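Colleague: Dropping the structure in here first, questions after.
Each answer follows from the model by the rule given with it, or from the source it names; no laboratory instrument gave them. For neighbour counting, all protein chains shown are included, and Cβ atoms are generated from backbone atoms with ideal geometry for every residue, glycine included.
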Amino acid sequence: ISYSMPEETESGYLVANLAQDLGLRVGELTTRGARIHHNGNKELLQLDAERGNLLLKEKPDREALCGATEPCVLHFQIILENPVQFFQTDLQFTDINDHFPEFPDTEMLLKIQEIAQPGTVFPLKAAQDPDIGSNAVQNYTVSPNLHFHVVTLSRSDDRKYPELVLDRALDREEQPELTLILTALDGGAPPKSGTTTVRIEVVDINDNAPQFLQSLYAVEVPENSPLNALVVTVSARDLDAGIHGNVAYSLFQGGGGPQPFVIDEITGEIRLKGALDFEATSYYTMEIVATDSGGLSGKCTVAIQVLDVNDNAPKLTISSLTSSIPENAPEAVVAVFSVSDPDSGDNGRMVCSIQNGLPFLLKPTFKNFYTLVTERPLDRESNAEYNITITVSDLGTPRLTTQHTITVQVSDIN
Amino acid sequence: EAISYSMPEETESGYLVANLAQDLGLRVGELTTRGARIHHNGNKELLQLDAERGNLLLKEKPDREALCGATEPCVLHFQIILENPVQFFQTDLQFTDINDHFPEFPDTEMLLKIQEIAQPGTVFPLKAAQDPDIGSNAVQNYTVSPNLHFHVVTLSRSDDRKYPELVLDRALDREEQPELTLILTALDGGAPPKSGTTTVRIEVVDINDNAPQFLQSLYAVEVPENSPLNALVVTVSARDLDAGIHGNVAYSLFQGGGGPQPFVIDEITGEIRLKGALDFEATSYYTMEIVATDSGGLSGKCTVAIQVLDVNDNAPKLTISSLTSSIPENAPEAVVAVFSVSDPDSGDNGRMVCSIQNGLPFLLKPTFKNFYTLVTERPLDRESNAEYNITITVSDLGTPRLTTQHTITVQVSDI
Ligand SMILES: *[C@@H]1O[C@H](CO[C@@H]2O[C@@H](C)[C@@H](O)[C@@H](O)[C@@H]2O)[C@@H](O[C@@H]2O[C@H](CO)[C@@H](O[C@@H]3O[C@H](CO[C@H]4O[C@H](CO)[C@@H](O[C@@H]5O[C@H](CO)[C@@H](O)[C@H](O)[C@H]5NC(C)=O)[C@H](O)[C@@H]4O)[C@@H](O)[C@H](O[C@H]4O[C@H](CO)[C@@H](O[C@@H]5O[C@H](CO)[C@@H](O[C@@H]6O[C@H](CO)[C@H](O)[C@H](O)[C@H]6O)[C@H](O)[C@H]5NC(C)=O)[C@H](O)[C@@H]4O)[C@@H]3O)[C@H](O)[C@H]2NC(C)=O)[C@H](O)[C@H]1NC(C)=O
Ligand SMILES: *[C@@H]1O[C@H](CO[C@@H]2O[C@@H](C)[C@@H](O)[C@@H](O)[C@@H]2O)[C@@H](O)[C@H](O)[C@H]1NC(C)=O
Ligand SMILES: *[C@@H]1O[C@H](CO[C@@H]2O[C@@H](C)[C@@H](O)[C@@H](O)[C@@H]2O)[C@@H](O)[C@H](O)[C@H]1NC(C)=O
Ligand SMILES: *[C@@H]1O[C@H](CO)[C@@H](O)[C@H](O)[C@H]1NC(C)=O
Ligand SMILES: *[C@H]1O[C@H](CO)[C@@H](O)[C@H](O)[C@@H]1O
Ligand SMILES: *[C@H]1O[C@H](CO)[C@@H](O)[C@H](O)[C@@H]1O
Ligand SMILES: *[C@H]1O[C@H](CO)[C@@H](O)[C@H](O)[C@@H]1O
Ligand SMILES: *[C@H]1O[C@H](CO)[C@@H](O)[C@H](O)[C@@H]1O
Ligand SMILES: *[C@H]1O[C@H](CO)[C@@H](O)[C@H](O)[C@@H]1O
Ligand SMILES: *[C@H]1O[C@H](CO)[C@@H](O)[C@H](O)[C@@H]1O
Ligand SMILES: [Ca+2]
Ligand SMILES: [Ca+2]
Ligand SMILES: [Ca+2]
Ligand SMILES: [Ca+2]
Ligand SMILES: [Ca+2]
Ligand SMILES: [Ca+2]
Ligand SMILES: [Ca+2]
Ligand SMILES: [Ca+2]
Ligand SMILES: [Ca+2]
Ligand SMILES: [Ca+2]
Ligand SMILES: [Ca+2]
Ligand SMILES: [Ca+2]
Ligand SMILES: [Ca+2]
Ligand SMILES: [Ca+2]
Ligand SMILES: [Ca+2]
Ligand SMILES: [Ca+2]
Ligand SMILES: [Ca+2]
Ligand SMILES: [Ca+2]
């Protein structure tokens, strides 16, 4: 004979009316010297022989008695002596939902990279439940968010294990860290729950390119500026963090000609490497390029205009027509000369002068092109030779003067 | 107006610039009669005057880049003077640039570090080639050595200067081709064109685009019940196609939703060790899942099934319930006692047999499964023996064999 009864029933519960089930008289139970025999460690059942009833001595717990084995049936044998008779009886215990779903870890750590595409699965630790069947784990739900959703798998021996599925791509630049609530629901009535915290750490991915604060840099620097002069400092910013955010500055020269400028890849400072000359090159158009450790780059145009400095003296060049000059020759051209100046503005503008005492005349024929002509015929006895010191001088600040001497002799017939 | 003569660069000295006498409309004798002379700003005479044949010649070879450079046009303003009578003429000499310079790149080798997940259409700035020439004689085109992942584009800017930029058309893969080498060539527009090559070495940056994979899809291992605590069961290894911090793997143990399991995993080596005690009579079969995870989130999973082995570590449990301490003399078929045997083990380790002495006139009769009875085989007088000893000996059929015995003394009555 076999009897069935729910788990965790209070001790002293009336199991079965043994007297009626055996079809024997009430006094016969104590008459035959009814005893109970079993190899169990604990005597779960005590026999009331006077009323012929089978009673529980202690409160049973299925998980501690059977555990994983199902059905939980305990076999024992009751013996009678008058006459000698044996009766094997089995007792089955129906499992109840008296266990709450418990997660292994109080928090689960997930480090998901930013470029993780939707549909990507992530394994989660399952909630365990010592119960059996519908009283065990049945459902898994995740706290309402816009990124993930959990799905339950009944793989293998019908043991349910949850895994998290991504639906919308992550972004560390928007939300660095996620915190979800993983809830496990039982299939019993009423259902039992078990909650844990899913900690999602979004790993940074270099998906952002560095950009300069200014698209154009325009700075003026004098020609006579000292070596290692701070021309301009350039700054670029990256939206990413760590090594993925570090930038490296590189100088791209424009067209031909050497660039006397150097950039620091770290600080972003542009400084003088060589010499500057407004007369050689007055305007530089270059491009600074900041690049991360990934290859993503940003570019900016830097324009540097050199300032003019009066550091050039006028170049006086003279070609003589007549080494000697007749006495009674009116209006004679002694020599013709031209002046030069690479500078600009008043630094390039130049006025030339001659001694006022000399009977000669400077006649400006062409632009920066003068002629030295005698103003009147000359006698020999007065002055044999003449030292004419032409002095060309610019109108800049400071003023630079260049002068040259020519000797002209007046001569009649030999 | 003033007169101007044009002449290509790098012309050999002694070149016939122009018939100056005819251009000025003067007689052949008149030019040398008036003492025609040449005046220019430079000390170095670039021009020399031939008053005999009335021609203008070159005294030095002109270099446009050394005279003008970037300025255009390269015009030298010079003057011609006459002395019979005194007269002044303005004349200009323009030097047409010639394609006499090779395009050169500043650096012999340019290093690029491009990500593996770089999307097509991504631009990568490259340093331009230098050319002191002007117009069509400067840098005009940019071509890149035949590859599969890149193509160069020639862009113009500001003063219509040409600069190259590299364009990706096919995504890279460090697991396929870690490093790439290109030849960047710059082509002139002159005739014939002139090239300028340089190394462009592209180093593919690693991106975590590989998930860890287990060598085996299933792991099976037998472990004895008597095995010690914290003993290495099996070592699992997973490989990652990536490298560096994107390649190192961390192992995690995932158990079933049934009950607690006595096992632990090493994150580095991948060794599974025992955590608690093992008993075949408790839990016989274990199914766990090992999950390998990198530093990016990409994972791989393998199923590890371990069944424990049964050992004969449980002696049979004998429990005897006696009915009669004393027995009648001439009583046939008398039931002395009734006992039960147990064995939690399985197979021959659980199978058990019971024995009694051969000299005793008692018979051991089986009534129920693993449940026997001690009954007299035949009546017997007292004068032979007053009391008898019955040592029930129960033993399993395992290896080694475990035995357990217990004695019961029974007396006869009625004299
Ligand atoms: C069926 O099996 C039975 C069970 O056997 C058991 O299983 C086997 C495998 C063995 O493990 C065995 O040990 C188990 O018991 C058998 O029953 C038992 O049988 C044994 C032996 O047959 C009885 O003796 C017991 O064992 C000791 C024997 O010692 C042996 O070794 C030594 C040294 O090798 C050797 O000693 C030498 O003996 C000779 C001869 O005397 C001497 O000349 C030598 O000098 C001496 N050597 C030296 C160095 O000195 C022996 O020859 C053996 O080989 C024995 O010592 C031991 O004695 C103690 O333990 C018992 C415990 O029961 C005590 O008995 C109780 O004492 C109480 C106190 O006086 C007494 O109370 C009195 O009660 C009465 C009324 O009842 C009155 O009221 C008084 O006022 C009270 O004081 C109790 O009544 C008494 N118990 C009984 C039942 O009467 C004893 O005093 C002492 O403390 C021990 O006796 C053994 O007794 C016996 N078991 C029982 C319960 O009786 C049975 O024999 C088998 N069947 C057959 C047919 O054989
Ligand atoms: C598992 O649970 C899913 C989510 O149900 C939600 O949670 C419960 C506690 C209620 O608040 C309910 O209003 C929510 O929608 C269900 O969509 C799904 O069907 C369930 N699966 C099974 C097998 O029951
Ligand atoms: C005219 O100049 C002649 C040349 O002298 C030169 O110029 C002067 C300024 C010094 O620098 C001298 O060392 C040069 O050799 C003179 O010999 C002559 O006396 C000068 N005539 C007059 C009237 O001063
Ligand atoms: C440069 O060369 C390529 C290949 O020969 C050609 O397709 C392209 O039209 C050229 N560009 C110019 C501006 O000539
Ligand atoms: C299980 O338990 C949780 C709270 O722990 C409830 O929110 C849920 O609805 C279910 O009752
Ligand atoms: C599981 O999650 C619930 C969410 O309601 C918490 O209230 C609880 O403390 C446990 O963390
Ligand atoms: C994660 O967060 C939940 C609430 O969101 C806690 O209840 C839990 O203990 C863990 O700290
Ligand atoms: C560019 O092309 C010319 C031929 O047009 C080669 O001679 C030169 O070496 C470079 O490859
Ligand atoms: C540029 O590259 C070409 C081909 O590698 C060489 O031949 C040339 O000398 C220059 O270095
Ligand atoms: C880049 O190109 C140069 C030719 O200038 C080679 O020498 C070098 O090995 C790389 O291919
Ligand atoms: Ca329970
Ligand atoms: Ca439950
Ligand atoms: Ca339960
Ligand atoms: Ca982003
Ligand atoms: Ca990012
Ligand atoms: Ca970046
Ligand atoms: Ca200067
Ligand atoms: Ca200057
Ligand atoms: Ca000046
Ligand atoms: Ca040249
Ligand atoms: Ca060229
Ligand atoms: Ca040239
Ligand atoms: Ca790849
Ligand atoms: Ca990779
Ligand atoms: Ca990886
Ligand atoms: Ca065992
Ligand atoms: Ca065993
Ligand atoms: Ca055994």
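Colleague: Within the stretch A:175-198, does at least one residue satisfy the condition of being under 34 Å from the mean Cα position of the chain (by Cα), of a type in the set (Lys, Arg), over 26 Å from A:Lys273 (Cα atoms) and more than 16 Å from ligand 23 (Cβ to nearest atom)?
Modeller: no
Colleague: If you take the residues in the stretch B:202-213 that are part of a strand (DSSP E or B) and either in the same structural domain as B:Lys275 (by CATH) or surrounded by 18 or more Cβ atoms within 10 Å (Cβ to Cβ) (or both), which one is nearest to ligand 7 (Cβ to nearest atom)?
Modeller: Per the stated criteria, the residue is B:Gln213.
Colleague: Test of understanding: among B:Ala243, B:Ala277, which residue is more than 25 Å from the chain's Cα centre (by Cα) and surrounded by fewer than 16 Cβ atoms within 10 Å (Cβ to Cβ)?
Modeller: Only one candidate passes the filter, namely B:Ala277.
Colleague: Any chance the stretch B:368-383 includes a residue that's out of contact with any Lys or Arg (no Cβ under 9 Å at 6 or more places or on another chain), touching a residue at least 40 places away in the same chain (Cβ under 8 Å), within 30 Å of A:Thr89 (Cβ to Cβ) and assigned to a loop (DSSP other than H, G, I, E, B)?
Modeller: Within the stretch B:368-383 (the criterion being out of contact with any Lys or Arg (no Cβ under 9 Å at 6 or more places or on another chain), touching a residue at least 40 places away in the same chain (Cβ under 8 Å), within 30 Å of A:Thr89 (Cβ to Cβ) and assigned to a loop (DSSP other than H, G, I, E, B)), the answer is no, since none of the residues qualifies.
Colleague: For the stretch B:281-322: of the residues being in contact with a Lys or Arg (Cβ under 8 Å, 6 or more places away or on another chain) and among the small types (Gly, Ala, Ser), which is nearest to B:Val335 (Cα to Cα)?
Modeller: So the residue we want is B:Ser321.
Colleague: Hey, could you check the stretch B:223-240 for residues that are among the aliphatic types (A, V, I, L, M), over 17 Å from B:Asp313 (Cα atoms) and part of a loop (DSSP other than H, G, I, E, B) and say which is farthest from the chain's Cα centre (by Cα)?
Modeller: The selected residue is B:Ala231.
Colleague: Could you tell me whether the stretch B:121-135 includes any residue that is of a type in the set (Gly, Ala, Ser), within 11 Å of chain A (Cβ to nearest Cβ) and not in a strand (DSSP E or B)?
Modeller: yes
Colleague: Checking the condition more than 16 Å from ligand 20 (Cβ to nearest atom) and at positive phi, which residue from A:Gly268, A:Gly245 passes? Steps first, answer last, please.
Modeller: Working: A:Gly245 fails: at positive phi.
Step by step, each of A:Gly268, A:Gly245 is checked, and only A:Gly268 is more than 16 Å from ligand 20 (Cβ to nearest atom) and at positive phi.
Colleague: Suppose the filter is more than 29 Å from B:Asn84 (Cβ to Cβ), away from every other protein chain (no Cβ under 13 Å), away from ligand 25 (no atom under 16 Å from the Cβ) and touching a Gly at 6+ places or on another chain (Cβ under 7 Å); does A:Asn310 pass it?
Modeller: yes
Colleague: Of all residues in the stretch B:31-56 being in contact (Cβ under 8 Å) with a residue 40 or more places away in the chain and surrounded by fewer than 17 Cβ atoms within 10 Å (Cβ to Cβ), which is farthest from the other protein chains (Cβ to nearest Cβ)?
Modeller: Per the criteria, the residue is B:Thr33.
Colleague: Which residue pairs have Cβ atoms closer than 6 Å, lie 6 or more positions apart in sequence or on different chains, and pair a first residue in the stretch B:247-275 that is within 12 Å of chain A (Cβ to nearest Cβ) with a second residue that is part of a loop (DSSP other than H, G, I, E, B) and crowded, with 19+ Cβ neighbours inside 10 Å?
Modeller: B:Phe254/A:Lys125; B:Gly257/A:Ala126; B:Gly257/A:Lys160; B:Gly259/A:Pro130; B:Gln261/B:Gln255
Colleague: Being away from ligand 7 (no atom under 16 Å from the Cβ), within 14 Å of chain B (Cβ to nearest Cβ) and out of contact with any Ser or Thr (no Cβ under 7 Å at 6 or more places or on another chain) is the filter here, so list the residues in the stretch A:163-178 that pass it.
Modeller: A:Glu163, A:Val165, A:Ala169, A:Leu170, A:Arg172
Colleague: Looking at A:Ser235, A:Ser225, A:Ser193 in this structure, which one is within 16 Å of ligand 2 (Cβ to nearest atom), touching a strand residue (DSSP E or B) at 6+ places or on another chain (Cβ under 8 Å) and away from every other protein chain (no Cβ under 14 Å)?
Modeller: The match here is A:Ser193.
Colleague: Please specify each residue of the stretch A:83-99 satisfying the condition of being within 11 Å of chain B (Cβ to nearest Cβ) and either touching a helix residue (DSSP H, G or I) at 6+ places or on another chain (Cβ under 6 Å) or within 21 Å of B:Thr283 (Cβ to Cβ) (or both).
Modeller: The answer is A:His99, and nothing else.
Every residue, every condition in (1) closer than 18 Å to B:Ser321 by Cβ; (2) of a type in the set (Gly, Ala, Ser), yes or no:
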position: A:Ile1; (1), (2): no, no
position: A:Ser4; (1), (2): no, yes
position: A:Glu10; (1), (2): no, no
position: A:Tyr13; (1), (2): no, no
position: A:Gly23; (1), (2): no, yes
position: A:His37; (1), (2): yes, no
position: A:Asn41; (1), (2): yes, no
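Colleague: Is it the case that the stretch A:178-194 has a residue that's without any contact (Cβ under 8 Å) to a residue 60 or more places away in the chain and among the polar types (S, T, N, Q)?
Modeller: yes
Colleague: Let me ask something else. Let me spell it out: the conditions are (1) in contact (Cβ under 8 Å) with a residue 40 or more places away in the chain; (2) buried (at least 16 other Cβ atoms within 10 Å of the Cβ); (3) of a type outside the set (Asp, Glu), and A:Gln85 meets all of them except one. Which number is the exception?
Modeller: Condition (2) is where A:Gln85 drops out.
Colleague: For the stretch A:126-146, how many residues meet the condition of being farther than 30 Å from A:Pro6 by Cβ and either within 16 Å of ligand 8 (Cβ to nearest atom) or in contact (Cβ under 8 Å) with a residue 40 or more places away in the chain (or both)?
Modeller: 2
Colleague: Let me confirm something: among B:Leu126, B:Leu168, which residue is buried (at least 17 other Cβ atoms within 10 Å of the Cβ) and touching a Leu at 6+ places or on another chain (Cβ under 6 Å)?
Modeller: Result: B:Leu126 is the single residue among B:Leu126, B:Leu168 that is buried (at least 17 other Cβ atoms within 10 Å of the Cβ) and touching a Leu at 6+ places or on another chain (Cβ under 6 Å).
Colleague: Is there any pair with a first residue in the stretch B:1-18 that is at positive phi and a second that is part of a strand (DSSP E or B) whose Cβ atoms are under 7 Å apart and which are 6 or more apart or on different chains, and what are they?
Modeller: Correct list of pairs: B:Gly14/B:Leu57; B:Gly14/B:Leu58.
Colleague: Got a sec? Which strands (runs of 3 or more DSSP E) wholly within the stretch B:295-355 have at least 2 residues that are under 30 Å from B:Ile245 (Cβ atoms)?
Modeller: Where strands (runs of 3 or more DSSP E) fall fully within the stretch B:295-355 and carry at least 2 residues being under 30 Å from B:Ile245 (Cβ atoms), they are B:299-309.
Colleague: Moving to a separate point now. Do we have any residue at all in the stretch B:258-266 that's in a loop (DSSP other than H, G, I, E, B), in contact with a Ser or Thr (Cβ under 6 Å, 6 or more places away or on another chain) and closer than 30 Å to B:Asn210 by Cβ?
Modeller: Kept after step one, since they are in a loop (DSSP other than H, G, I, E, B), are these residues of the stretch B:258-266: B:258-262, B:266.
With in contact with a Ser or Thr (Cβ under 6 Å, 6 or more places away or on another chain) added as a condition, the list becomes none.
Checked the stretch B:258-266: no residue is in a loop (DSSP other than H, G, I, E, B), in contact with a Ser or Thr (Cβ under 6 Å, 6 or more places away or on another chain) and closer than 30 Å to B:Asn210 by Cβ.
Colleague: Something else about it: Within the stretch A:100-115, restricting attention to residues that are within 9 Å of another protein chain (Cβ to nearest Cβ), assigned to a loop (DSSP other than H, G, I, E, B) and surrounded by fewer than 19 Cβ atoms within 10 Å (Cβ to Cβ), which residue is nearest to the chain's Cα centre (by Cα)?
Modeller: That would be A:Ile115.
Colleague: Do we find a residue being of a type outside the set (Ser, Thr, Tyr) and part of a loop (DSSP other than H, G, I, E, B) anywhere in the stretch A:214-222?
Modeller: yes
Colleague: So, in the stretch B:222-240, of the ones that are of a type in the set (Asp, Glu) and surrounded by 12 or more Cβ atoms within 10 Å (Cβ to Cβ), which residue ends up farthest from B:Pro178 (Cα to Cα)?
Modeller: Result: B:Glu225.
Colleague: Determine, yes or no, whether B:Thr181 is away from every other protein chain (no Cβ under 14 Å) and exposed (fewer than 12 other Cβ atoms within 10 Å of the Cβ).
Modeller: The answer is yes for B:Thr181.
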